[PDB]
Structures are given as structure tokens and as C-alpha cells.
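Asker: In the entry's author numbering, the protein residues as written are 17 to 223. For every residue, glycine included, the Cβ atom is placed at its ideal position computed from N, Cα and C.
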Ligand SMILES: CC1(C)CNc2cc(O)c(C(=O)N3Cc4ccccc4C3)cc21
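As C-alpha cells, this is what we get:
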């Protein structure tokens, strides 16, 4: 288990997201789906000239899995996935150019929905989740598990769970008062409202 500190302003942004009430929390789902769509675009374009890229699975899709028993909302895609370096670099350690400006915008009264435009939309997951687990599988690399309950740090380890083929799975352990995101019609309506033009199938697993 390797522990990493978040870059100074990303940690500050996570603290702001967790400790300030924002009304429009539902946008976390749009942000997560948009990352899945970009990872799906990446593998799709690479596969055009190299069919071996899809040896790990040909279907390009997004699955949404609410689980009321464990209080988790899981977002699974079959995108390009992340290597160990992609995970540590892109999920917290390296500075994002828009972090400082986004924190100043929020302080000046900007809506939380603006997050994606500043390139830090992943962190909107902390609007609804007390803990976030990201399992990822990239071609020619092993399966990794990234995890953080915020507080300034995250962990990376080799994943020993169920193999995923290729892609990324985001497991959101929802805050006690954020259980509306486990309801089938509430998930369906946030998808129609914010992610209707995403070019990939988005399937909801009704429990
Ligand atoms: C964790 C989070 C940022 C939120 N949710 C996801 C979902 C993901 O599939 C991925 C992912 O695997 N990648 C790799 C890649 C390559 C090019 C462009 C974008 C991305 C994001 C990442 C994320």
C-alpha cells in the first residue's frame, strides 16, 4: 500500500467541496460520466488503426450500479483505463492549472456546476461521497485500486478484486444524507438532464 499526499491546492479544493454546502450536487454524476466518455474516446480512436487494442473487450459503454445495502453508487466504463503512473499523476499528485482560479470563483459565488470547465470535475464526487474508490485496468498493465476519504492523502495498491478486462470503475460510498443517488428514477433523471448527449450507452442496473 503506497500513500500519497494530494498536491497543496487539490487538497484545499477537496476541503472546500466537503465543508461548504452547495445546492446543485447532482452535477457530480455528469462530471464522472464525462471522464468515462473521454477515456472511451481514447481507446475508440486507438482501436481504429490497431484492433489488438480491443483484445480486452470490444464494447464501449458506461454502467451505473446503485447498491442500497452497501450505500454505494458505482460508475463502470470500458474506456482505456489508467496505468499506475496515470493513476498517481492524474488523480492527485500533479497540480491542475485551473484549481486556484476555481477556488477563487467558488469564493466569489460561482455555482459548483462550473467545476468541469476548470478541469477539476473529478473532485465533485466529494459533494456526495465520504470515500471514493477508483479501480482501473489499462492494456499491458495490472489492475490498481486508488482510494481516498480526503483528509489530505490517498492510497494506491495492486487490486486483488474481480478482474475488469479494461476500463475504470468509480465506487462512491455515499454520505448518509446523499442516498437519493441510489434511487433508480433520480439517477435516470440526472442522466437525462445532464448527460443526454454522451455518445456511449449509459445503462442503469436496477436492483
Ligand atoms: C477517476 C476519474 C477521473 C473519474 N471517473 C473516471 C473514469 C475513467 O474512465 C477514467 C480513466 O480511466 N481515464 C483515462 C483517460 C484517458 C484519456 C482521457 C481521459 C481519461 C480518464 C478516469 C476517471
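Between the alpha carbons of residue 149 and residue 52, how many angstroms are there, rounded?
Answerer: Approximately 15 Å, taken between the alpha carbons.
Asker: Ligand 1 and residue 106: does any heavy atom of the ligand fall closer than 8 Å to the residue's C-beta?
Answerer: Yes, Cβ of residue 106 sits closer than 8 Å to a heavy atom of ligand 1.
Asker: Applying the criterion that 16 or more other CB atoms from any shown protein chain within 10 Å of the CB defines a buried residue, is residue 110 buried or exposed?
Answerer: The residue in question, residue 110, is exposed, as its Cβ has fewer than 16 Cβ neighbours within 10 Å.
Asker: Write down the C-beta distance between residue 185 and residue 92 rounded to the nearest angstrom, noting that I regard them as a contact closer than 8 Å.
Answerer: About 5 Å; that satisfies the 8 Å criterion.
Asker: Terminal residues of the continuous beta strand (DSSP E) containing residue 156?
Answerer: That residue, residue 156, is in no beta strand (DSSP E); it is neither H nor E in DSSP.
Asker: Hey, would you say residue 141 sits closer than 9 Å to residue 37, going by beta carbons?
Answerer: No, the pair does not count as a contact, with Cβ atoms beyond the cut-off.
Asker: If you scan the stretch 25-63 from start to end, which runs of the alpha helix (DSSP H) of 4 or more residues do you find wholly inside it?
Answerer: Whole alpha helix (DSSP H) segments, 4+ residues: 43-63.
Asker: Any idea what DSSP makes of residue 77, helix, strand or coil?
Answerer: It is coil, neither helix nor strand.
Asker: What are the start and end residues of the alpha helix (DSSP H) that includes residue 102?
Answerer: Element bounds for residue 102: 100-104.
Asker: Below 8 Å, can you find three or more Cβ-Cβ pairs linking the stretch 198-208 to the stretch 50-67?
Answerer: Judged by Cβ distances under 8 Å, the stretch 198-208 makes no contact with the stretch 50-67, as fewer than three pairs qualify.
Asker: With a threshold of 8 Å, establish whether the CB of residue 109 neighbours any heavy atom of ligand 1.
Answerer: Every heavy atom of ligand 1 is 8 Å or more from the Cβ of residue 109, so no.
Asker: Where does residue 121 sit, in a helix, a strand or coil, going by DSSP?
Answerer: The answer is helix: DSSP assigns residue 121 an H, G or I state.
Asker: Measuring alpha carbon to alpha carbon, tell me which of 165, 104 and 85 ends up nearest residue 31.
Answerer: Residue 165 is the option with its Cα nearest to residue 31.
Asker: Give the C-beta separation of residue 96 and residue 172 to the nearest angstrom, bearing in mind that I take them to be a contact with Cβ-Cβ under 8 Å.
Answerer: Not a contact, Cβ separation roughly 18 Å.
Asker: Work out the CA separation of residue 102 and residue 220 for me, nearest whole Å.
Answerer: For residue 220 and residue 102, the distance between alpha carbons rounds to 28 Å.
Asker: Does DSSP put residue 218 in a helix, a strand or coil?
Answerer: Looking at residue 218 - three-state DSSP - the assignment turns out to be strand.
Asker: Between the alpha carbons of residue 48 and residue 138, how many angstroms are there, rounded?
Answerer: Going by the C-alpha atoms only, they are around 6 Å apart.
Asker: Is it the case that the CB of residue 158 approaches a heavy atom of ligand 1 more closely than 8 Å?
Answerer: Flag unset: Cβ of residue 158 not near ligand 1.
Asker: Return the bridge partner residues of residue 190 from the DSSP annotation.
Answerer: Answer by DSSP bridge pairing, in chain order: 145.
Asker: Just curious, the alpha helix (DSSP H) that residue 200 is in, first and last residue?
Answerer: That run of the alpha helix (DSSP H) goes 200-210.
Asker: Note the first and the last residue of the continuous beta strand (DSSP E) segment covering residue 18.
Answerer: Start and end: 18-21.
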